[PDB]
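*Asks:* Build the 3D model from these lines:
(chains A, B, C, D, E, F, G, H, I, J and K)
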Amino acid sequence: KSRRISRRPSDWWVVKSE
Amino acid sequence: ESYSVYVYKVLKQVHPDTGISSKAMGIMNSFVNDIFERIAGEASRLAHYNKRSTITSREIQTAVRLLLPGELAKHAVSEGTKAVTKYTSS
Amino acid sequence: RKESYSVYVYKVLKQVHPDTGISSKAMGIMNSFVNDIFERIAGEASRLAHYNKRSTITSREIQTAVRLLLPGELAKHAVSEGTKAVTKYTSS
Amino acid sequence: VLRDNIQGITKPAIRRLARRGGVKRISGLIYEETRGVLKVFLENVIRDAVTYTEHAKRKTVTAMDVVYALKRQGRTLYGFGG
Amino acid sequence: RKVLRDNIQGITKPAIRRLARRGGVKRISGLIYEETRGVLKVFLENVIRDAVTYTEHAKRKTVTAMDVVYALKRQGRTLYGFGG
Amino acid sequence: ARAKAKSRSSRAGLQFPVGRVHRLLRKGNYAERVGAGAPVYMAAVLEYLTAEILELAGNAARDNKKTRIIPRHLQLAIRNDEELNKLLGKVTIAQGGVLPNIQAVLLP
Amino acid sequence: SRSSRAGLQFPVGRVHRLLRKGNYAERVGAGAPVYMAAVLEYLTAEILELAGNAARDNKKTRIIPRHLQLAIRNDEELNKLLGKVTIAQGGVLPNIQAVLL
Amino acid sequence: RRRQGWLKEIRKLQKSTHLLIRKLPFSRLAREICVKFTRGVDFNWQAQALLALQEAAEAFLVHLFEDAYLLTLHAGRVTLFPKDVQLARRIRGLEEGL
Amino acid sequence: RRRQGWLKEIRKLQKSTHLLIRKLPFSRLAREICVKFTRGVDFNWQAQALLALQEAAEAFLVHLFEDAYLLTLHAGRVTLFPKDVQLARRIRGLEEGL
DNA sequence: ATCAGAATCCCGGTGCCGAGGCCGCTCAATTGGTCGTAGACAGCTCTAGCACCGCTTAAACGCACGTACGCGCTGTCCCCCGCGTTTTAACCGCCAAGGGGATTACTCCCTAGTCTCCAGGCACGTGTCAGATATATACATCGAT
DNA sequence: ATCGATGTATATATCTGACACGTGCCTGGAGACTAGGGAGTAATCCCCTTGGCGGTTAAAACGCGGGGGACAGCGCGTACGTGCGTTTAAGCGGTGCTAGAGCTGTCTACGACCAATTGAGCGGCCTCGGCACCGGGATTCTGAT
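*Replies:* Residues are numbered from 1 along each chain as shown, chains lettered A, B, ... in the order given. Now the structure:
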């Protein structure tokens, strides 16, 4: 599949490095 | 008219046993009509800025790269290019 | 060639002010301001005529679009300014 | 006697709105203030929606006209569009 | 000239200070500069990418001023003065 | 005198109707001329997006031990995954409860 | 001589061509470009009148874009209409929060 | 006597999804503000329209409160004050807060 | 001895209208951000385009600082802190802050 | 209050280049007339919003209380801001090469358009099961001790 | 750290109305073919970008001192959550009415389409004055006293 993987970064929104 | 049959088809393809409530079917039914609206509204003025009068597949690809952010672009631009070649193939 | 709005901004400036002049950069500001306000009004009129299965941008649609866009008393004079232009236009 | 309609938005109702948002403690001055805010947000939508009904010949407010007014203001609503 | 400064550090500390003085700010902490140079970069990272895609859709290679103002109008910040 | 009418959605391997979005692009007045392969691209990307939110809605409905997608599950699916969220940042889902957050204030 | 007939200054002919070529809708009624040029003329005349007062206050006979920024943001209605625009070479309004005394 | 009952109240309300303002007084309020723009004549309202309007007002108010609570915690206090709601509308913009 | 020179500094800069960040390092920064998305090929820039980008960046930053300083006075202190800028971006919205 | 020292404001002078006016060209606006069709209008019908009534009851209101929390004050500590000196590098001016934007012409493939046929998708009906809900039981637990 | 009762989870049954599937009908999608023009492509030009050099020069960088600003603590008071009893209006359900959405049928006035005609607007060229800059003087605050 290799579908997109949702991480949970500390930033609520995508500012840098996803 | 609506899009209710195709959401049910895609749902049975992704999950065999699940069902979708009527109100959630109306949610997806308005969602498709919004995303198609935003993509085609982008591709219209993209054709208009370059003095072109036709919407070719380059315009939908650049409008989806303008609208869908991040990895959701990079998959969907594959899914169009995987599809349209097959359409020319047959 | 090239289309603009420079001469009409200049004419309405000479109409409302007798001797004040306008720099060319501010001419480009007004030349983009008109090209933006017109696009917002015609886009509102296009989707508003499309909601009611109408294929015509009629003067009713520009009236409802300018009432939906221009806020407050700017609407209340502009909808007065538009119809006064149309009733004179049918006087020909 | 009949109170003003705006005062029908109770302190239980505003508190139950604020507890959903995660607010822990509420001052007493909120109950007058947000009754104004809910007024102004309702003034902006209806003043579009009535206009969307006036342009059409219909003399009642359809559900489609409210979702059109909310999509015009930018907070688009799902569920009743289609 | 003799040594090369960081390319990312193209915005000097007095420049950011002058921006905040134009913003009506009295006093600046020292830790602003390691973060406002972050929040500028992401802004350009949003704008410039969109402008490049406009230039990418035509066959052209150079980014013109019309493609930056189109990339800003689509994101929400209309810029007057160059479009037209 | 003709063959069996294989519909164009079948020959592209999709589920969304390419003929319907072709008629919507033509009557929509987006542009004077619509290309041939352009609505197929539109239908494929709509198919991929709806399959994405239906997959996340099913995964968000399984752990609640419910076998039927209600609009609360669509709110959880949309708000949990950020890449989708940015796209739908403006929209409000009807009957969608806010995702649970206590804003990190509690007694030790 | 359409403009003379309606007594306006913006040409209704060029906005008639812009309405048809713009592809907003399939047909264009006859009243629409007259109404459109009238409302554009009124909006332009109002913002240029406020800019003319702002240029007369600094004793300059030339409108620079700083004056257009001042005339836009001092008016409480055009600030609503032009909320999300930025004027190139336009300074911020002179505000201050903490009084010295 | 039950201490910290606000936590159970919040954890119940965030899980629930039904509407929180009552239907009939919201309909009386919307019909009252409707008549001011119709230059005196009365309008009817579709039954779905009042539901859609109440959902919109509901979502906007819960977002305004969850944005103002961020400023309350930023100011070092816990109790929500109306100056913070006014500031959150003054920082979200001219057509996001109004 | 010249105290509170920030008052005359602010009153000078708010009166002025020219661009503030230097042109050549801003051009090198934008050409740095350009090369990462063109997969190796370089792009040229029209001379008006870099000025347009610098005007937009300066206007966005002075808006962000004028939004952050209201929060700085809201927390009862005077100096701008990066938690205020992060909060103003967290509260302006999804397309207003980024 | 008292002060000179900056600081600001104004004022005559120079200068330069950008605004504004003029000229010539040309293509886009205007005029006239025909064609068809979207929409105005009128009529008719059948849903759905409005009004009311009456009964239930869960929700709202008020009032007393207590205690958690805003807020004003103070004290210590530190981290920016102003100022002087040194050092960089942005900026202007210049020229030189060429890459690519922009234009023009040619041709052909693609798409609008029409006709003709039929099946995918609509509405309607109807059986059934997922889910809400009520009740019983088992288990964590938080406050008092 | 144990015990109670209050809440939480779970396990059972029960019932219901909304879902899903089936049928039948039909209008929109597909198939085949044409005619014409939008766009792809190649050739050419010259503008505009890049690039590199010298020479100044404001502006950045660096260091230092001091003060004023953030922050932690504490005490006072007060305003809001909680509990209890009382009261009200929201809500179900049910019934009746009709205004008005909505569909259909007709007809015409309006707007697209096209050919011929011309002047309003665009490009370039110029010329001069409004504004930028500067230098001397006049006034007006402002910190130091």
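
*Asks:* Leaving out sequence neighbours, find the closest residue to whichever residue of chain A sits closest to chain H.
*Replies:* The nearest approach of chain A to chain H comes at residue A:12, 11.4 Å away (C-beta to the nearest C-beta). C-beta: built from backbone N, CA, C; applies to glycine. Nearest residue to residue A:12 in three dimensions, chain neighbours excluded: residue I:90, at 6.7 Å (C-beta to C-beta, 6 or more residues apart in numbering or on different chains).

*Asks:* hang on, isn't the residue of chain A closest to chain H packed against residue I:89?
*Replies:* No. In this structure residue A:12 lies outside contact range of residue I:89 using C-beta atoms under 8 Å: 9.9 Å.

*Asks:* residues near the residue nearest to residue A:12, how many?
*Replies:* 15 (other C-beta atoms under 10 Å in any protein chain shown).

*Asks:* now swap in the one 4 residues further on and tell me
*Replies:* Taking other C-beta under 10 Å as the criterion, the count of residues near residue I:94 is 14.

*Asks:* ok, now residue H:12?
*Replies:* Neighbours around residue H:12, by other C-beta under 10 Å: 11.

*Asks:* that's a helix at it, yeah?
*Replies:* Yes. Membership of residue H:12 in a helix is supported by DSSP: H, G, I helix; E, B strand; the rest coil.

*Asks:* Which residues are in contact with it?
*Replies:* The contact partners of residue H:12, by C-beta atoms under 8 Å, 6 or more residues apart in numbering or on different chains, come to none.

*Asks:* what's near enough to touch whichever residue of chain F sits closest to chain D?
*Replies:* Residue nearest to chain D within chain F (C-beta to the nearest C-beta): residue F:94, separated by 3.6 Å. When contacts are counted by C-beta under 8 Å, 6+ apart, residue F:94 touches B:23, B:27, D:77, D:78, D:79, D:80, F:71, H:52, H:55.

*Asks:* Please tell me how far the residue nearest to residue A:12 sits from residue I:96.
*Replies:* From residue I:90 across to residue I:96, the span is 11 Å (C-beta to C-beta, to the nearest Å).

*Asks:* cool, and residue D:25?
*Replies:* As judged by C-beta to C-beta, residue D:25 and residue I:96 stand 29 Å apart.

*Asks:* so how far is stretch H:64-84 off the chain centroid?
*Replies:* Averaging C-alpha positions (C-alpha atoms, centre = their mean, to the nearest Å) puts stretch H:64-84 15 Å from its chain's average.

*Asks:* anything in that stretch near chain E?
*Replies:* No. If you take C-beta under 8 Å from any C-beta of the partner chain as the test, stretch H:64-84 misses chain E, and the best it gets is 15.5 Å.

*Asks:* number of nearby residues for the residue of chain D found nearest chain G?
*Replies:* Taking C-beta to the nearest C-beta as the measure, the point where chain D comes nearest chain G is residue D:74, at 10.9 Å. Using other C-beta under 10 Å, the number of residues around residue D:74 comes to 10.

*Asks:* Same check on residue H:1?
*Replies:* Residues near residue H:1, counting by other C-beta under 10 Å, number 3.

*Asks:* and the gap between it and chain D?
*Replies:* Residue H:1 sits at a distance of 19 Å from chain D (criterion: C-beta to the nearest C-beta, to the nearest Å).

*Asks:* Does that residue belong to a helix, a strand or coil?
*Replies:* Here residue H:1 is coil, with the state taken from three-state DSSP.

*Asks:* re the thing from before, tell me, how many residues neighbour the residue of chain A closest to chain H?
*Replies:* 11.

*Asks:* Then it would be within a helix, right?
*Replies:* No. Residue A:12 is assigned coil when assessed by three-state DSSP, not a helix.

*Asks:* Now it, what are its backbone angles?
*Replies:* phi -70, psi -40 (degrees, to the nearest 10).

*Asks:* Mind telling me what element the residue nearest to residue A:12 is part of?
*Replies:* For residue I:90, the element it lies in under DSSP states H and E is helix I:82-92.

*Asks:* For chain B, which segments count as helices?
*Replies:* Counting by DSSP state H, one finds helices in chain B at the ranges B:4-14, B:22-49, B:57-67, B:71-89.

*Asks:* for chain D, which helix is longest?
*Replies:* helix D:30-55.

*Asks:* elements contacting it?
*Replies:* Helix D:30-55 is packed against helix C:24-51, helix C:59-69, helix D:11-20, strand D:60-61, helix D:63-73, helix H:23-34, helix H:47-74, helix H:82-92, with contacts defined by 3 or more C-beta pairs under 8 Å, 6 or more residues apart in numbering or on different chains; DSSP states H and E.

*Asks:* So for chain H, the centremost residue is which one?
*Replies:* Closest to where the C-alpha atoms of chain H average out (C-alpha atoms, centre = their mean) is residue H:61, at 2.6 Å.

*Asks:* contacting residues for the nearest residue to it once chain neighbours are set aside?
*Replies:* In this structure, residue H:61 finds its nearest non-sequential neighbour in residue D:17, 5.3 Å apart by C-beta to C-beta, 6+ apart. By C-beta under 8 Å, 6+ apart, residue D:17 lies in contact with H:20, H:21, H:58, H:61, H:62, H:65.

*Asks:* I'd say the third one and residue H:20 touch.
*Replies:* Yes. Look at residue H:58 against residue H:20 with C-beta under 8 Å: they come within range, at 6.6 Å.

*Asks:* what separates the closest residue to residue H:49 other than its chain neighbours from residue H:32, distance-wise?
*Replies:* Of all residues not flanking residue H:49 in the chain, residue D:63 sits nearest, at 4.4 Å (C-beta to C-beta, 6+ apart). From residue D:63 over to residue H:32 the distance is 20 Å, taken as C-beta to C-beta.

*Asks:* Who has more neighbours out of those two?
*Replies:* Taking other C-beta under 10 Å, residue D:63 and residue H:32 do not tie; residue D:63 has more neighbours (21 against 13).

*Asks:* ok and the residue in chain B nearest DNA strand J?
*Replies:* Proximity of chain B to DNA strand J (C-beta to the nearest atom of the strand) peaks at residue B:1, 3.8 Å away.

*Asks:* got the contact list for that residue?
*Replies:* Residue B:1 makes contact with residue F:20, according to C-beta under 8 Å, 6+ apart.
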